[PDB]
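Trainee: Output the structure for:
(chains A, B, C, D, E and F, ligands or ions: 12)
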Amino acid sequence: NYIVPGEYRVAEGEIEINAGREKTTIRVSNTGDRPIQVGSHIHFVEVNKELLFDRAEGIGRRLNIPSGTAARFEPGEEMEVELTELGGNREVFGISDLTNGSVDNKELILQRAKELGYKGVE
Amino acid sequence: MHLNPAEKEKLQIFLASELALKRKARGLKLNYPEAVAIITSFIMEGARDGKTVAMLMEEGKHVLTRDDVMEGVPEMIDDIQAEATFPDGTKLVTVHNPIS
Amino acid sequence: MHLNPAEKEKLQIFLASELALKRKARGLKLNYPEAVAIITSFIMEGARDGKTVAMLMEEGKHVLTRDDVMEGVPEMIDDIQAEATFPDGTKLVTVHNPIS
Amino acid sequence: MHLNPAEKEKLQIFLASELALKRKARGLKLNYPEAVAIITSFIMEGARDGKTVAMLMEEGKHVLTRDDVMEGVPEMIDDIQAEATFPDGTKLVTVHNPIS
Amino acid sequence: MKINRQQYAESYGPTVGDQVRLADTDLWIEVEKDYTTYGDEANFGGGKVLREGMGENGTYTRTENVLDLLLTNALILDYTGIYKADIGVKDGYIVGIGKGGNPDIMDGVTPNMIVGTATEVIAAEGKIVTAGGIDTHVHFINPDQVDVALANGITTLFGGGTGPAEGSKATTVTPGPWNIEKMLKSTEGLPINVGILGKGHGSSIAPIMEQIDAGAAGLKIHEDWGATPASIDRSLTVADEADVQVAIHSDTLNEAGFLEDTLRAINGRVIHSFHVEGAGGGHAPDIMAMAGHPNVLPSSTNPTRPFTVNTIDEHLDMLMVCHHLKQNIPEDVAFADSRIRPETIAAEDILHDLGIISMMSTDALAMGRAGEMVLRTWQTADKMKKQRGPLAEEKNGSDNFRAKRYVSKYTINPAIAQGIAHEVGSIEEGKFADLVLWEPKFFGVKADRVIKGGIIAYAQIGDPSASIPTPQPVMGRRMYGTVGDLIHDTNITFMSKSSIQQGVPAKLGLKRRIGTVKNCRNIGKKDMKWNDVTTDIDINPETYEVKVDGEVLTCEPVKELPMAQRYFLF
Amino acid sequence: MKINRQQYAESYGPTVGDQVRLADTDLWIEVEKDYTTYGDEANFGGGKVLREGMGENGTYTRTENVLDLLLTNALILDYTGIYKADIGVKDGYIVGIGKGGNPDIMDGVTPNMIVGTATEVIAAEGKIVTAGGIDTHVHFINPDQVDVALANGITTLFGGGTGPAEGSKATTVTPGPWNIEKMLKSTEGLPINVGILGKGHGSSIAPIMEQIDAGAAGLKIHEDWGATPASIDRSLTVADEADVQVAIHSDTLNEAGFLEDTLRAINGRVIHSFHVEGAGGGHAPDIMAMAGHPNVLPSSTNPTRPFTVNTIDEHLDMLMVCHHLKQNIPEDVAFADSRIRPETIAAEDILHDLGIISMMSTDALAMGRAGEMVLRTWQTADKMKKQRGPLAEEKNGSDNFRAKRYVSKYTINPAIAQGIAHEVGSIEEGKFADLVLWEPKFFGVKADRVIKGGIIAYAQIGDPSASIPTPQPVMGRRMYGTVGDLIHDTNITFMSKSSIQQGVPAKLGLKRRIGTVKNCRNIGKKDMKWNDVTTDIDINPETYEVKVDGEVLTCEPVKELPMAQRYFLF
Ligand SMILES: [Au+]
Ligand SMILES: [Au+]
Ligand SMILES: [Au+]
Ligand SMILES: [Au+]
Ligand SMILES: [Au+]
Ligand SMILES: [Au+]
Ligand code: NI
Ligand code: NI
Ligand code: NI
Ligand code: NI
Ligand SMILES: [O-]
Ligand SMILES: [O-]
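Mentor: Numbering: from 1, shown residues only, chains lettered A, B, ... in the order given. Ligands and ions are numbered 1, 2, ... in the order given. Shown next is the structure:
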């Protein structure tokens, strides 16, 4: 019965994030000489050009990490990341201007990605 | 004197610290605002003495112990921050969990 | 610290009391505002110590005597009122004719 | 207490002087605002003691010497002026080049 | 992927089933539900969610469902529930409670809660959020009292006064058309909502009615102006016609009648009974019997809350000063002993816990403390848990039922009584955005940030000359909501329907938002949220013993309270 | 008759060839020319020159070439020169710089600088006079920050915020039409010039553009809102159409691109790069390379100025608090080490001295100090003299060239960047009369008197109850320029052309002077006074070593600074 003012008593268990959405694991490599850190909610295909990965696999997806956290890529670093599906209307506007509409238009997204030099358009 | 707005305000901290130190001297366990006032004034006076930010980051953690304060006070104070004029200008000092 | 408006104001009373106590220590007979500051700060510090309202009503009448103050000062002070945080919350203390 | 606006303000000077005197006591050479605060409070407390304007004009020049203060401080202070309540009312005291 | 509960609560504030301690009390509140979608929580900062194309929509203009302000991850404590949600604000009003973000990419976004280019963000994760306090018993005596009120989470002041005049020092009254006009113009510079009460005294209708037409928002009957059967009757007649509330401080001296005579003059009409216990004033010794009637809206003032060991000694001497009583006049001693009663003060604790007294209030600067209504409400709740145990209705070991009962006493219930609950008094959609953020460790003691009309008005914040806002000294300060013309947009002057219809605001050049007082006359005790109990309250004329349905109500004073010496410098 | 130079300077302030020490620094400025006629100097007082029929003309009405205000014997320090002159003010504007007096009897009187019946006098003999500081990186977080700024000689605040909301605590942004309107009304009560920046984020034009129409004076792109290629591009498109400035705090995390991607999105358009060194934010680790491009207007924020022994320890821990970083998360440690770099902080000292970084600013209350822009500019100048020696271009053993280079960083250059240099930023004829008087012993530390629109707004002055104004305590106080309606006449709200054309001031009831933002889009680095250097700046990705044209820029931290412990109580 020591009193900590305003303390929590959290209930038992765990919180599952992004429940019921498809998950995907891909390899990603920072081919640049400066660090890149990627947030939980950026449309993954639209991340920095010097990150190399299967760009098709990033379409309509984002990192499967707690909201507000990030994945860090040191210069030259290759690692696996897990992706989850975008929700809501599944539309993306702005960012890198690769989508600007439905995420379903994978052909057009990839064509823009290739022309602008985003690495890993296979 | 040419007191600016900050100088006016920070005199209050010194005053609160004096009040709190008197209360400690007569054997009272210190509360939240008293504890904060003591550590803050310590930091500002340390900067006036010409100590470094690094020294004050260390020392700030040994100004008050848990037997100096009321129940719950150590857990209420996450960090204490103060800006003062060091010999090389104004600098921010942060002391993390000052009361262990 | 999270000082509210009252806490800011009451620090002034403590300061005035310190000033007045220094003046007493060098042998001066105290005037009206000095006398009031001394008794008021006494009450507030007593509440901090955990004394009761009843104790402070008694003690407040023996903080200063007429040989401590200037001519006319005892008659100028009808009562002194102060609010402070006791262990059971804020309470009003009134000391009637504190200087006899 | 019935504090007027001036009384409120001048308490700050006393507080700054206390701060500065503590800093002197631990062996620090005093800066510009500290030096000014010390001499000013000296004058006001002298008036409270019942000294004359003429006495304070003399004494004010021997409160701090150049070995008490930082380089340049003596030359920064041309004069120090203060008003206080003497036994014969409010009077202005000016101390010229207080630190020689 | 899964996050453990401890780390989740640390990052986003607590979720369903988690409990939080209220300050240093023994009271625990539990999250009843959560509007979020796990994994799509809104948050702001470097590399966070609320960024363009992600959690912030970059397509829509302000008019297309976009918010002016989003409070993320708030733990709401309100009469409507204790739950977790984002709060959406637009045009100074709460427009959405639910889940904010971007429907482009997020599941479960409340349709009118889009974060767009126009959206400001306040992070409320780890904070408790309540409605602003509504203080319905204020004497306007010293303008300094406004910051005192704001610092303890009060956002609306109802009462009367013209400053430290004797009439104002004794009664919540702004007398007559001229004084009311002057104080309405004064209000233009006060950073808080205000409603003004006129003098509920006179034997003809017209002298009373002209105050309502002048801009008053209600009336006060006070024994000091003569709380006679005539004044009671005329005031209630005016009130029924004008649709405003009447407050009463009854005839302590029983001069023209006893309690039953006052009730006969009221004649079943709606009335707000001030400081119902009676230490603050009223029929000696049985005023508290008012709290049992269906037509009475009962409130306490704060200095008797709760019953502690210093209470009686403090009040006996307070009364002697306040009333200029003399120790050598036996009538004065008799008067004081008939008025300051440990029996009724003790019972008042219990009546609150049972929901028989519906409201708290300050009695600011006359016989009460401007910044202690919220503070003393929770101290009472805490004391009652320690002495009576958890309430029958409580589940899961939490104090949620008691917390709703008590939070209602200073938010929704005073709003309903005054006829202003359509604008303020609770966190609900369509209401004015008066919101208080609290760190749980300071809950009910010192407000973190006070939002008025969607803009921060008051905050505990540090050195203005520092590199960041958190360095010392951290103190309560007025924010931009109080500066320049913004003070007009973020605050409400509540006025009677007739004064509004007659164009008083234009006449006087009032620039503040004008609120309408309405629906005061067809309410009763049954309309007080979580505090609707009617019953036979008996007070023994010889012993002052209080009985509720044949049962004797007794309580003990306590030596110590939470939310006291751990927190305050003096 | 002849006066010796020492006595002349003591009576009238210094003249041609005389030198003055700046505070307690090693910097000396020299009077380059003097507009006076020796023997006809203007002065005021008992038995002095400016008296009717003598130095004051008694014939002419105000409209006939007579001044509202004369500042006598000013030593002006400005980008246009360091020289001695009388300054003449009329209708709140500087109308004459030269020689004031009475053409009846005096030689060399500037024709529009007549001292007549309408003329007020300020004695500036023995004072240094500069333009008011222009701070272009302000977070509006705490209204107390305004006095802090005034006390160190700042007269214009550009930035954004709604108070201590998280969005405002992180970014200089007032988001959307409603928030902008609220803060415009708030500004009516702030005794300083203000311009407000909107949120430079979105993927459609309209959500961004509606902020300019609402009253915003520019835009801020900030990584916290998503400093993506799309947001960068749309904001610059809006800016080119609306003729306002864009400020950028770029993507530190390199998430959507590296520095070269940001520059590609900028595509040669004009942009103001905030805290270009990078401790305050931006592409890790090479953001400072921005400072070499012709289309970039580079500024520093103040906490890295200059490089001292406590700097790194302070910043590492400041960042941990500011960004909520944890010691046990290796990614956080990596982030901090990539962001707080002694190599780039040291080089920043040198880049300033070479004129490669054009501007100073505070970053008030987010990561910078509201009252220390002017202070830290001179500390940098002083440190660079001690380490690099006098500049090649210096003559006569004075530091005049360096003083012009540095004074430009907080006066004229921010004014040019923001598009407001037609009103403020320098002591020139036809400009608004924002003037700061300094005692040379307090120069850059504590302003003596701050004049806004021709009226004193702020002063270091003594006891208000004393027989004269000089008795203790001498402290900074607001003067008559800040009281009543005069606050409207002596201050400027800067707004976009479209909001002005659309009548936003009338819509909102703004009574302040309205200034027009213009000519922001056809300027570049070459337009920055005394700081126009373009060059190839290279930052080593492995070692963070900074190279300017193949040469390695290295500097040492110092243990002590002037304008510090000699002056400040804390
Ligand atoms: Au009374
Ligand atoms: Au009373
Ligand atoms: Au009980
Ligand atoms: Au940060
Ligand atoms: Au920072
Ligand atoms: Au160097
Ligand atoms: Ni009453
Ligand atoms: Ni009352
Ligand atoms: Ni920034
Ligand atoms: Ni900033
Ligand atoms: O009352
Ligand atoms: O910044």
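Trainee: Against which helices or strands is the helix or strand harbouring residue B:8 packed?
Mentor: Residue B:8 is located in helix B:5-25, with elements delineated by DSSP states H and E. If you count contacts as 3 or more CB pairs under 8 Å, 6 or more residues apart in numbering or on different chains; DSSP states H and E, helix B:5-25 packs onto helix B:32-48, helix C:5-25, helix D:5-25, helix F:145-151. Every C-beta, even on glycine, is put in place using the N, C-alpha and C of the backbone.
Trainee: Find the closest residue to ligand 8 in the stretch 401-550 of chain E.
Mentor: residue E:414 (14.5 Å; CB to the ion).
Trainee: pretty sure that residue belongs to a strand, no?
Mentor: No - counting by DSSP: H, G, I helix; E, B strand; the rest coil, residue E:414 falls outside a strand, being helix.
Trainee: Using the three-state scheme, assign the nearest residue to residue E:394 once chain neighbours are set aside.
Mentor: Of all residues not flanking residue E:394 in the chain, residue E:401 sits nearest, at 5.2 Å (CB to CB, 6 or more residues apart in numbering or on different chains). Under three-state DSSP, the three-state class of residue E:401 is helix.
Trainee: and what of residue E:94?
Mentor: Note that with three-state DSSP, the state of residue E:94 is strand.
Trainee: ok so, going back, CA atoms only for the helix holding residue B:8, dumped as PDB, please.
Mentor: These are the backbone C-alpha positions of helix B:5-25, laid out as PDB (Å, rounded to 0.1, in the frame of the first residue of the first chain):
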ATOM      1  CA  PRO B   5      12.000  39.000 -17.300                       C
ATOM      2  CA  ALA B   6      13.800  35.600 -16.700                       C
ATOM      3  CA  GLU B   7      16.000  37.100 -13.900                       C
ATOM      4  CA  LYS B   8      12.800  38.300 -12.100                       C
ATOM      5  CA  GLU B   9      11.200  34.900 -12.300                       C
ATOM      6  CA  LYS B  10      14.200  32.900 -11.200                       C
ATOM      7  CA  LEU B  11      14.500  34.900  -7.900                       C
ATOM      8  CA  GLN B  12      11.300  33.200  -6.900                       C
ATOM      9  CA  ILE B  13      13.000  29.700  -7.200                       C
ATOM     10  CA  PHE B  14      15.800  30.900  -4.900                       C
ATOM     11  CA  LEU B  15      13.200  32.100  -2.400                       C
ATOM     12  CA  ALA B  16      11.200  28.800  -2.500                       C
ATOM     13  CA  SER B  17      14.500  26.900  -2.000                       C
ATOM     14  CA  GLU B  18      15.300  29.000   1.100                       C
ATOM     15  CA  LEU B  19      11.800  28.400   2.500                       C
ATOM     16  CA  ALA B  20      12.200  24.600   1.800                       C
ATOM     17  CA  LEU B  21      15.700  24.400   3.300                       C
ATOM     18  CA  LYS B  22      14.400  26.000   6.500                       C
ATOM     19  CA  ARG B  23      11.600  23.400   6.600                       C
ATOM     20  CA  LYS B  24      14.100  20.600   6.100                       C
ATOM     21  CA  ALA B  25      16.300  22.000   8.900                       C
END
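Trainee: in that helix, what counts as buried?
Mentor: B:5-20, B:23-24 (16 or more other CB atoms under 10 Å in any protein chain shown).
Trainee: I would like the residues contacting stretch E:548-556, please.
Mentor: E:307, E:346-347, E:349-351, E:354, E:356, E:387, E:535-538, E:545-547 (CB atoms under 8 Å, 6 or more residues apart in numbering or on different chains).
Trainee: What subset of those residues is buried?
Mentor: If we count by 16+ other CB under 10 Å, the contacts of stretch E:548-556 have these buried: E:307, E:346, E:347, E:349, E:350, E:351, E:354, E:356, E:537, E:538, E:546.
Trainee: now, the most widely separated pair of those?
Mentor: E:307 and E:538 (19.6 Å; CB to CB).
Trainee: Could you give the number of residues near the residue of chain B found nearest ligand 8?
Mentor: Nearest to ligand 8, among the residues of chain B, is residue B:33, at 30.6 Å (CB to the ion). Applying other CB atoms under 10 Å in any protein chain shown, we find 24 residues neighbouring residue B:33.
Trainee: Could you do the one 5 residues further on as well?
Mentor: By the other CB under 10 Å criterion, the neighbourhood of residue B:38 contains 26 residues.
Trainee: The contacts of stretch E:548-556 in strands, which ones?
Mentor: Using DSSP state E, the members of the contacts of stretch E:548-556 that fall in strands are E:537, E:538, E:546, E:547.
Trainee: so can I have a markdown table of those residues showing distance to residue E:266?
Mentor: Output for the ones in strands among the contacts of stretch E:548-556, formatted as a markdown table (distance: CB to CB, whole Å):
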| residue | distance to residue E:266 |
| --- | --- |
| E:537 | 16 |
| E:538 | 19 |
| E:546 | 22 |
| E:547 | 23 |
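Trainee: Just the closest of those to residue E:118, please.
Mentor: Of the ones in strands among the contacts of stretch E:548-556, the one sitting nearest to residue E:118 (CB to CB) turns out to be residue E:537, at 53.8 Å.
Trainee: So that closest one versus residue F:227, what's the distance?
Mentor: 66 Å (CB to CB, to the nearest Å).
Trainee: Name the SS class of residue E:476, please.
Mentor: The local conformation at residue E:476, judged by three-state DSSP, is strand.
Trainee: show me where the stretch 101-250 of chain E has helices.
Mentor: Shown for the stretch 101-250 of chain E, the helices assigned by DSSP state H, counting those that start in this stretch span residues E:145-151, E:166-170, E:176-187, E:205-214, E:229-242.
Trainee: The second one - contacts with which helices or strands?
Mentor: The one in question is helix E:166-170. Under the contact rule (3+ CB pairs under 8 Å, 6+ apart), helix E:166-170 is not packed against any helix or strand.
Trainee: Please spell out which residues along that helix are buried.
Mentor: For helix E:166-170, by 16+ other CB under 10 Å, it's E:167, E:168, E:170.
Trainee: Next one: it, is it in contact with ligand 8?
Mentor: No - judged by CB under 5 Å from the ion, helix E:166-170 and ligand 8 are separated, with a smallest distance of 7.6 Å.
Trainee: what comes into contact with that helix?
Mentor: Against helix E:166-170 from outside (CB under 8 Å, 6+ apart): E:139-141, E:160-162, E:173-175, E:222, E:224, E:365-366.
Trainee: Need the buried ones from the residues you listed selected in PyMOL.
Mentor: Selecting only the buried entries of the contacts of helix E:166-170 in PyMOL, with 16+ other CB under 10 Å as the criterion:
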select buried, chain E and resi 139+140+141+160+161+162+173+174+175+222+365+366
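Trainee: would CSV of the contacts of helix E:166-170 with distance to residue B:83 be doable?
Mentor: Shown next, in CSV, are these (distance: CB to CB, whole Å):
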residue, distance to residue B:83
E:139, 41
E:140, 39
E:141, 38
E:160, 45
E:161, 42
E:162, 44
E:173, 49
E:174, 46
E:175, 51
E:222, 51
E:224, 52
E:365, 37
E:366, 42
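Trainee: what's the most distant pair in the contacts of helix E:166-170?
Mentor: Applying CB to CB across the contacts of helix E:166-170, the maximum distance is between E:175 and E:365, 17.7 Å.
Trainee: tell me the contacts of the residue nearest to residue E:394?
Mentor: Counting by CB under 8 Å, 6+ apart, residue E:401 has contacts E:391, E:393, E:394.
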